[PDB]
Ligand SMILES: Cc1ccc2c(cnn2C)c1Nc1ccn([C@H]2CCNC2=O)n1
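Just the one chain here, the form solved without this ligand, laid out as structure tokens.
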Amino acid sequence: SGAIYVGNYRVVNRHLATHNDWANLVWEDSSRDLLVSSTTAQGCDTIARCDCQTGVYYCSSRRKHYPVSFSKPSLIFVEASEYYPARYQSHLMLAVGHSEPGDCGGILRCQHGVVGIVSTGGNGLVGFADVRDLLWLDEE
């Protein structure tokens, strides 16, 4: 599990979005595994605007933050998970690292702030859904 709390927005994995998230829906994209919903309180996280390929991610299934190198946001093919089939996914970044289904939502962060959230796992790879292209997250 895990979310980004930027201003009055909540950024979650589409596949972990709650009824409350869908009832307060701002934006959602199955191809990115992202959903954004409205909050009443302001959040404590800030979003990276950058092309960094190094950062640190939280891995719940190890209670550990790992420094990683990761690919630039891309269109990757993903093998079947407990929560999705084998399929393609967009705006995905890959690193070498541990990712189990429940690690989804872990933040990846660089020197500029939050880069994305864990979205995929398997074969000693962790995939992150990028949020850095979501400039609209900064305002309104």
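Under this definition, the rigid core comprises the largest set of C-alpha atoms superposing within 1.5 Å between the forms. Start at 1 with the first residue shown and count on from there.
There is also a form deposited with this ligand bound; it is not shown, and the following applies to it.
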Counting 3 or more ligand atoms within 2.4 Å of any backbone or C-beta atom as blocked, would this ligand, superposed onto this chain from where it sits in the deposited bound form, find the site open or blocked?
blocked
Given that this ligand is not shown alongside this chain, does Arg87 nevertheless sit within 4.5 Å of it in the deposited bound form, heavy atom to heavy atom?
yes
Close approach of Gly43 to this ligand in the deposited bound form, 4.5 Å, heavy atom:
no
At 4.5 Å, heavy atom to heavy atom, what parts of 83-120 sit next to this ligand in the deposited bound form? List them in sequence order, or say none.
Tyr83, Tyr84, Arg87, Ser99, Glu100, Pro101, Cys104, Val118, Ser119, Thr120
Shifts of 2 Å or more at the CA atom, core superposed, between the shown form and the other one: which of the listed residues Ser38, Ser81, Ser90, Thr46 is the one?
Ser81
